[PDB]
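Inspection log for the structure reproduced underneath, given as structure tokens.
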Amino acid sequence: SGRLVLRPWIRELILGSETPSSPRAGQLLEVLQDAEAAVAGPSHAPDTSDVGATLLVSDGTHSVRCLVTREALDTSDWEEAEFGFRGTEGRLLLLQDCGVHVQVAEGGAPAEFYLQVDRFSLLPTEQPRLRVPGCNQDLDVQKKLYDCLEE
């Protein structure tokens with residue numbers, strides 16, 4: 001009887017000149033770097049609890065790299081969910097609190113826009129993952145990138 005649909009928002013957000021007042025839904029395509037929960041007590045096992053998750057998130061039209069901040073990870077309750085993002089690819093993901101940031105060129109990779117997520121929720125919806133260009137491949141985004149760099 002129809003299907004409910006999410007509006008694309010990534011390109012519009014970056015090109016738009018203010019921070020998002022509203023929460024945005026997007027699909028998790030890939031986990032580039034996953035996160036580990038903070039385990040109290042001294043131990044010889046490595047501690048990576050000071051590092052957030054890094055995801056590739058799609059909106060149906062473009063993808064974007066998202067840095068899920070430690071603050072966002074530690075404030076979420078992981079109810080019936082192993083801590084971290086692997087296994088959840090293809091899931092919908094609600095970015096409730098986030099901002100557009102510029103990453104300058106570094107370690108062989110050119111500059112780009114990316115999102116920093118300070119609050120999020122997984123929705124239960126899972127769905128096929130579709131090939132999608134990066135938002136940084138867009139011409140209007142590229143132009144705005146090089147505007148931002150010059151400052």
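Following the order of the structure tokens, first chain is A, next is B, and so on, with residues numbered from 1 inside each chain and ligands from 1 in the order they appear.
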
- Message: Show me, as JSON, numbers by chain, the residues that have an atom within 12 Å of residue 99 of chain A when counting only C-alpha atoms, minus same-chain residues fewer than 5 positions from it.
- Response: {"A": [10, 13, 14, 16, 17, 18, 19, 20, 21, 22, 23, 24, 65, 66, 67, 68, 69, 113, 114, 115, 116, 117, 118, 119]}

Do you know which residues are at most 12 Å from residue 130 of chain A counting only C-alpha atoms, after dropping those on the same chain fewer than 5 positions away, and could you put them as a short mmCIF file (atom, residue, chain, number, x, y, z; two decimals) with N, CA, C and O atoms, in the first residue's frame?
data_model
loop_
_atom_site.label_atom_id
_atom_site.label_comp_id
_atom_site.auth_asym_id
_atom_site.auth_seq_id
_atom_site.Cartn_x
_atom_site.Cartn_y
_atom_site.Cartn_z
N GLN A 27 21.41 5.64 5.73
CA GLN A 27 21.80 4.23 5.81
C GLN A 27 23.28 4.07 6.06
O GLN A 27 24.10 4.79 5.50
N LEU A 28 23.63 3.11 6.91
CA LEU A 28 25.02 2.78 7.14
C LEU A 28 25.49 1.86 6.02
O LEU A 28 24.97 0.76 5.86
N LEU A 29 26.44 2.33 5.21
CA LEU A 29 26.97 1.53 4.10
C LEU A 29 28.15 0.67 4.54
O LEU A 29 28.21 -0.51 4.23
N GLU A 30 29.09 1.30 5.24
CA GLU A 30 30.31 0.64 5.63
C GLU A 30 30.83 1.17 6.97
O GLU A 30 30.62 2.34 7.31
N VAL A 57 28.15 6.73 5.36
CA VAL A 57 26.70 6.81 5.48
C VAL A 57 26.07 7.32 4.18
O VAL A 57 26.51 8.33 3.64
N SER A 58 25.04 6.64 3.70
CA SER A 58 24.32 7.06 2.49
C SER A 58 22.96 7.67 2.81
O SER A 58 22.37 7.38 3.85
N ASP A 59 22.47 8.51 1.90
CA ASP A 59 21.14 9.12 2.03
C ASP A 59 20.28 8.78 0.82
O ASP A 59 19.31 9.48 0.54
N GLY A 60 20.65 7.71 0.11
CA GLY A 60 19.99 7.32 -1.14
C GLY A 60 20.65 7.86 -2.40
O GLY A 60 20.53 7.27 -3.47
N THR A 61 21.36 8.98 -2.26
CA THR A 61 21.88 9.74 -3.39
C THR A 61 23.38 9.93 -3.29
O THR A 61 24.09 9.77 -4.29
N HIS A 62 23.86 10.30 -2.11
CA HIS A 62 25.28 10.41 -1.85
C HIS A 62 25.66 9.72 -0.57
O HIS A 62 24.80 9.47 0.28
N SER A 63 26.94 9.40 -0.44
CA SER A 63 27.51 8.91 0.81
C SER A 63 28.35 10.00 1.45
O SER A 63 28.70 10.99 0.81
N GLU A 89 25.59 -3.15 9.03
CA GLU A 89 25.64 -2.50 7.72
C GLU A 89 24.32 -2.74 7.02
O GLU A 89 23.74 -3.81 7.16
N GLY A 90 23.85 -1.74 6.30
CA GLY A 90 22.53 -1.79 5.68
C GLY A 90 21.42 -1.26 6.57
O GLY A 90 20.30 -1.08 6.11
#

The distance between atom CA of residue 53 of chain A and atom CA of residue 34 of chain A is 4.8 Å

| request: For residue 93 of chain A, work out the shell of residues within 8 Å, counting only C-alpha atoms and skipping chain neighbours fewer than 4 positions away, then give it as a count of residues only. | output: 8

Can you list, as number ranges by chain, all residues belonging to chain A that DSSP tags as strand (DSSP E)? A: 24-33, 53-58, 63-68, 91-103, 112-126
